[PDB]
file protein-v1.txt (compact mmCIF, C-alpha atoms)
# COMPACT_ATOMS: atom_id res chain seq x y z
CA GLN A 1 -15.05 -6.60 -11.97
CA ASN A 2 -11.30 -5.66 -11.71
CA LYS A 3 -8.21 -6.62 -13.91
CA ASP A 4 -5.82 -9.53 -13.10
CA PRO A 5 -2.42 -8.96 -11.19
CA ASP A 6 0.25 -9.29 -14.05
CA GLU A 7 -1.59 -6.56 -16.13
CA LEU A 8 -2.91 -4.13 -13.51
CA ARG A 9 -1.88 -0.53 -13.46
CA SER A 10 -3.25 2.89 -12.63
CA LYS A 11 -5.68 4.62 -14.90
CA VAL A 12 -3.06 7.31 -15.65
CA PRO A 13 0.59 6.25 -15.95
CA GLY A 14 2.82 7.78 -13.20
CA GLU A 15 -0.12 8.97 -11.17
CA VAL A 16 -1.85 6.96 -8.51
CA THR A 17 -5.14 8.34 -7.05
CA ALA A 18 -7.56 7.11 -4.40
CA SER A 19 -9.68 5.39 -7.09
CA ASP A 20 -6.80 3.22 -8.19
CA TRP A 21 -6.69 1.73 -4.69
CA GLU A 22 -10.34 1.76 -3.70
CA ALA A 23 -11.37 -0.22 -6.77
CA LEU A 24 -9.25 -2.98 -5.30
CA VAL A 25 -10.57 -2.90 -1.71
CA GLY A 26 -12.46 -6.10 -0.91
CA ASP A 27 -11.00 -8.00 -3.85
CA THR A 28 -9.09 -10.85 -2.41
CA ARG A 29 -6.59 -10.96 -5.28
CA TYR A 30 -5.13 -7.74 -3.83
CA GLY A 31 -5.56 -8.06 -0.09
CA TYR A 32 -7.52 -9.63 2.74
CA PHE A 33 -9.60 -8.61 5.73
CA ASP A 34 -7.41 -9.10 8.83
CA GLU A 35 -8.30 -10.51 12.30
CA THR A 36 -10.02 -7.26 13.40
CA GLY A 37 -11.89 -6.74 10.08
CA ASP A 38 -9.38 -4.31 8.52
CA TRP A 39 -8.28 -4.42 4.91
CA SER A 40 -4.58 -5.30 4.40
CA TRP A 41 -2.80 -5.28 1.13
CA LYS A 42 -0.80 -7.92 -0.67
CA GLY A 43 0.95 -5.37 -2.92
CA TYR A 44 1.07 -1.68 -3.99
CA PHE A 45 1.44 0.69 -6.85
CA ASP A 46 5.02 1.50 -7.80
CA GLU A 47 6.47 4.77 -9.10
CA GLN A 48 5.26 3.81 -12.61
CA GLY A 49 1.74 3.05 -11.41
CA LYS A 50 2.32 -0.66 -11.89
CA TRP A 51 1.02 -2.92 -9.22
CA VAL A 52 3.74 -4.95 -7.48
CA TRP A 53 3.54 -7.61 -4.74
CA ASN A 54 5.13 -7.80 -1.40
CA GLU A 55 6.56 -11.37 -0.77
CA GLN B 1 15.68 18.92 1.21
CA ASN B 2 13.21 15.97 1.51
CA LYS B 3 11.42 15.45 4.87
CA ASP B 4 12.17 12.39 6.99
CA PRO B 5 10.14 9.30 6.41
CA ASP B 6 7.63 9.43 9.26
CA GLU B 7 6.71 13.01 8.22
CA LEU B 8 7.03 12.56 4.52
CA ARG B 9 4.06 12.78 2.22
CA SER B 10 2.56 13.34 -1.23
CA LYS B 11 2.69 16.81 -2.74
CA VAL B 12 -1.05 16.77 -3.61
CA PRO B 13 -3.35 15.09 -1.07
CA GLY B 14 -5.11 11.97 -2.36
CA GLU B 15 -2.73 11.71 -5.33
CA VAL B 16 0.81 10.38 -5.89
CA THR B 17 2.84 11.26 -9.01
CA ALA B 18 6.33 10.41 -10.11
CA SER B 19 7.65 13.73 -8.95
CA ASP B 20 6.84 12.68 -5.39
CA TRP B 21 9.28 9.79 -5.80
CA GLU B 22 11.70 11.65 -8.10
CA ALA B 23 12.65 13.98 -5.18
CA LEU B 24 13.68 10.88 -3.11
CA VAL B 25 15.97 9.32 -5.68
CA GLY B 26 19.50 9.27 -4.26
CA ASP B 27 18.20 10.07 -0.77
CA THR B 28 19.78 7.06 0.92
CA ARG B 29 17.13 7.09 3.65
CA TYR B 30 14.55 6.03 1.06
CA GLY B 31 16.51 3.78 -1.27
CA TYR B 32 19.98 2.85 -2.41
CA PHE B 33 22.10 2.23 -5.45
CA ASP B 34 23.42 -1.20 -6.19
CA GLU B 35 26.94 -1.65 -7.54
CA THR B 36 25.80 -1.20 -11.19
CA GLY B 37 23.97 2.02 -10.29
CA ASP B 38 20.28 0.83 -10.23
CA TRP B 39 18.19 2.48 -7.51
CA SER B 40 16.19 0.27 -5.25
CA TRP B 41 13.34 1.58 -3.15
CA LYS B 42 13.00 0.56 0.49
CA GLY B 43 9.29 1.43 0.59
CA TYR B 44 6.42 3.26 -1.12
CA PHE B 45 3.53 5.67 -0.75
CA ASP B 46 0.23 4.27 0.50
CA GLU B 47 -3.30 5.34 -0.34
CA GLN B 48 -3.04 8.40 1.97
CA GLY B 49 0.22 9.44 0.42
CA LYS B 50 2.27 8.41 3.50
CA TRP B 51 5.58 6.64 3.15
CA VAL B 52 5.54 3.01 4.31
CA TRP B 53 8.41 0.49 4.32
CA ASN B 54 8.41 -2.89 2.68
CA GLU B 55 8.44 -4.17 6.27
call {"tool": "encode", "arguments": {"input": "protein-v1.txt", "output": "structure tokens"}}
result
Amino acid sequence: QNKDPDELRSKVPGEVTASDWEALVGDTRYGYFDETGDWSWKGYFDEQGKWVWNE
Amino acid sequence: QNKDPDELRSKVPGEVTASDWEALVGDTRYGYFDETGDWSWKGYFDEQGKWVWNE
């Protein structure tokens, strides 16, 4: 399983890679599957590599 | 000379590092300074390394 929202950040600080995002695909803490069946995100990694939300 | 936002993208494909954002700092297209001098971002890089706005 994945880490919880407050804590989560990229394996390496300041560097976000495809793994940092793909680990989160399908995990409904971090997004949802839209009308068409397409993953959409509820946040993103910031310059630091910290995960932030949209709102 | 940063590219414009539709064309912009990460220096190394499949990877985003601070330097990719560092180049944008003080490019008013991509963020702005508040009155105390903090820089706010108007968007972020996505998994493909493309700029996207906080819509």
call {"tool": "closest_atom_pairs", "arguments": {"input": "protein-v1.txt", "of": "chain A", "to": "chain B", "cutoff": "7 Å", "atoms": "all atoms listed in the file", "output": "JSON lines"}}
result
{"residue": "A:14", "atom": "CA", "partner": "B:18", "partner_atom": "CA", "distance": 5.4}
{"residue": "A:15", "atom": "CA", "partner": "B:17", "partner_atom": "CA", "distance": 4.3}
{"residue": "A:16", "atom": "CA", "partner": "B:16", "partner_atom": "CA", "distance": 5.1}
{"residue": "A:17", "atom": "CA", "partner": "B:15", "partner_atom": "CA", "distance": 4.5}
{"residue": "A:18", "atom": "CA", "partner": "B:14", "partner_atom": "CA", "distance": 5.8}
{"residue": "A:21", "atom": "CA", "partner": "B:47", "partner_atom": "CA", "distance": 6.6}
{"residue": "A:47", "atom": "CA", "partner": "B:18", "partner_atom": "CA", "distance": 5.7}
call {"tool": "residues_around", "arguments": {"input": "protein-v1.txt", "residues": "residue 23 in chain A", "least_positions_apart": "5", "cutoff": "12 Å", "atoms": "all atoms listed in the file", "output": "number ranges by chain"}}
result
A: 1-3, 8-11, 17-18, 28-31; B: 47
call {"tool": "write_last_selection", "arguments": {"input": "protein-v1.txt", "atoms": "C-alpha atoms", "output": "mmCIF file, keeping the file's coordinate frame"}}
result
data_model
loop_
_atom_site.group_PDB
_atom_site.id
_atom_site.type_symbol
_atom_site.label_atom_id
_atom_site.label_comp_id
_atom_site.auth_asym_id
_atom_site.auth_seq_id
_atom_site.Cartn_x
_atom_site.Cartn_y
_atom_site.Cartn_z
ATOM 1 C CA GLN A 1 -15.050 -6.600 -11.970
ATOM 2 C CA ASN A 2 -11.300 -5.660 -11.710
ATOM 3 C CA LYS A 3 -8.210 -6.620 -13.910
ATOM 4 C CA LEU A 8 -2.910 -4.130 -13.510
ATOM 5 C CA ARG A 9 -1.880 -0.530 -13.460
ATOM 6 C CA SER A 10 -3.250 2.890 -12.630
ATOM 7 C CA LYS A 11 -5.680 4.620 -14.900
ATOM 8 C CA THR A 17 -5.140 8.340 -7.050
ATOM 9 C CA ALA A 18 -7.560 7.110 -4.400
ATOM 10 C CA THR A 28 -9.090 -10.850 -2.410
ATOM 11 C CA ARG A 29 -6.590 -10.960 -5.280
ATOM 12 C CA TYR A 30 -5.130 -7.740 -3.830
ATOM 13 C CA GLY A 31 -5.560 -8.060 -0.090
ATOM 14 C CA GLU B 47 -3.300 5.340 -0.340
#
call {"tool": "calpha_fit_and_write", "arguments": {"input": "protein-v1.txt", "fixed": "chain B", "moving": "chain A", "output": "PDB file with C-alpha atoms, in the frame of the given file"}}
result
ATOM      1  CA  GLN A   1      16.701  18.927   1.206  1.00  0.00           C
ATOM      2  CA  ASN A   2      13.803  16.402   1.697  1.00  0.00           C
ATOM      3  CA  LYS A   3      11.491  15.647   4.762  1.00  0.00           C
ATOM      4  CA  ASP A   4      12.153  12.832   7.307  1.00  0.00           C
ATOM      5  CA  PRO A   5      10.419   9.306   7.008  1.00  0.00           C
ATOM      6  CA  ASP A   6       7.694   9.434   9.833  1.00  0.00           C
ATOM      7  CA  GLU A   7       6.252  12.729   8.340  1.00  0.00           C
ATOM      8  CA  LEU A   8       6.670  12.304   4.578  1.00  0.00           C
ATOM      9  CA  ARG A   9       3.737  12.342   2.249  1.00  0.00           C
ATOM     10  CA  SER A  10       2.794  13.421  -1.245  1.00  0.00           C
ATOM     11  CA  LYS A  11       2.287  17.035  -2.099  1.00  0.00           C
ATOM     12  CA  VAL A  12      -1.430  16.362  -2.731  1.00  0.00           C
ATOM     13  CA  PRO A  13      -3.228  13.869  -0.475  1.00  0.00           C
ATOM     14  CA  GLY A  14      -4.464  10.752  -2.380  1.00  0.00           C
ATOM     15  CA  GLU A  15      -2.467  11.574  -5.465  1.00  0.00           C
ATOM     16  CA  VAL A  16       1.058  10.448  -6.108  1.00  0.00           C
ATOM     17  CA  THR A  17       2.916  11.949  -9.133  1.00  0.00           C
ATOM     18  CA  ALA A  18       6.384  11.464 -10.594  1.00  0.00           C
ATOM     19  CA  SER A  19       7.695  14.424  -8.542  1.00  0.00           C
ATOM     20  CA  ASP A  20       6.757  12.779  -5.283  1.00  0.00           C
ATOM     21  CA  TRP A  21       9.126   9.925  -6.134  1.00  0.00           C
ATOM     22  CA  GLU A  22      11.875  11.712  -8.020  1.00  0.00           C
ATOM     23  CA  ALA A  23      12.489  14.144  -5.171  1.00  0.00           C
ATOM     24  CA  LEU A  24      13.511  11.081  -3.209  1.00  0.00           C
ATOM     25  CA  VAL A  25      15.838   9.470  -5.783  1.00  0.00           C
ATOM     26  CA  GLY A  26      19.431   9.504  -4.542  1.00  0.00           C
ATOM     27  CA  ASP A  27      18.449  10.173  -0.940  1.00  0.00           C
ATOM     28  CA  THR A  28      19.650   7.254   1.031  1.00  0.00           C
ATOM     29  CA  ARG A  29      16.891   7.552   3.638  1.00  0.00           C
ATOM     30  CA  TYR A  30      14.520   6.233   0.947  1.00  0.00           C
ATOM     31  CA  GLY A  31      16.594   3.827  -1.100  1.00  0.00           C
ATOM     32  CA  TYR A  32      20.059   2.831  -2.247  1.00  0.00           C
ATOM     33  CA  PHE A  33      22.020   2.360  -5.446  1.00  0.00           C
ATOM     34  CA  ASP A  34      22.246  -1.410  -6.069  1.00  0.00           C
ATOM     35  CA  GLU A  35      25.194  -3.547  -7.318  1.00  0.00           C
ATOM     36  CA  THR A  36      24.699  -2.457 -10.965  1.00  0.00           C
ATOM     37  CA  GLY A  37      24.155   1.256 -10.125  1.00  0.00           C
ATOM     38  CA  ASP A  38      20.330   1.171 -10.142  1.00  0.00           C
ATOM     39  CA  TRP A  39      18.155   2.938  -7.613  1.00  0.00           C
ATOM     40  CA  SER A  40      16.120   0.599  -5.353  1.00  0.00           C
ATOM     41  CA  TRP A  41      13.570   1.694  -2.871  1.00  0.00           C
ATOM     42  CA  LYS A  42      13.198   1.036   0.822  1.00  0.00           C
ATOM     43  CA  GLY A  43       9.491   1.977   0.839  1.00  0.00           C
ATOM     44  CA  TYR A  44       6.609   3.439  -1.243  1.00  0.00           C
ATOM     45  CA  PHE A  45       3.643   5.706  -1.237  1.00  0.00           C
ATOM     46  CA  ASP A  46       0.422   4.118  -0.021  1.00  0.00           C
ATOM     47  CA  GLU A  47      -3.146   4.749  -1.186  1.00  0.00           C
ATOM     48  CA  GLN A  48      -3.253   7.831   1.093  1.00  0.00           C
ATOM     49  CA  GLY A  49       0.005   9.213  -0.281  1.00  0.00           C
ATOM     50  CA  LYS A  50       1.790   8.362   2.947  1.00  0.00           C
ATOM     51  CA  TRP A  51       5.202   6.882   2.637  1.00  0.00           C
ATOM     52  CA  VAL A  52       5.488   3.379   4.119  1.00  0.00           C
ATOM     53  CA  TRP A  53       8.477   1.019   4.457  1.00  0.00           C
ATOM     54  CA  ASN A  54       9.000  -2.447   3.261  1.00  0.00           C
ATOM     55  CA  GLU A  55      10.622  -4.625   6.056  1.00  0.00           C
TER      56      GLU A  55
END
call {"tool": "atom_distance", "arguments": {"input": "protein-v1.txt", "atom1": "CA of residue 37 in chain A", "atom2": "CA of residue 25 in chain A"}}
result
12.5 Å
call {"tool": "atom_distance", "arguments": {"input": "protein-v1.txt", "atom1": "CA of residue 50 in chain A", "atom2": "CA of residue 4 in chain B"}}
result
25.0 Å
call {"tool": "atom_distance", "arguments": {"input": "protein-v1.txt", "atom1": "CA of residue 39 in chain A", "atom2": "CA of residue 42 in chain B"}}
result
22.3 Å
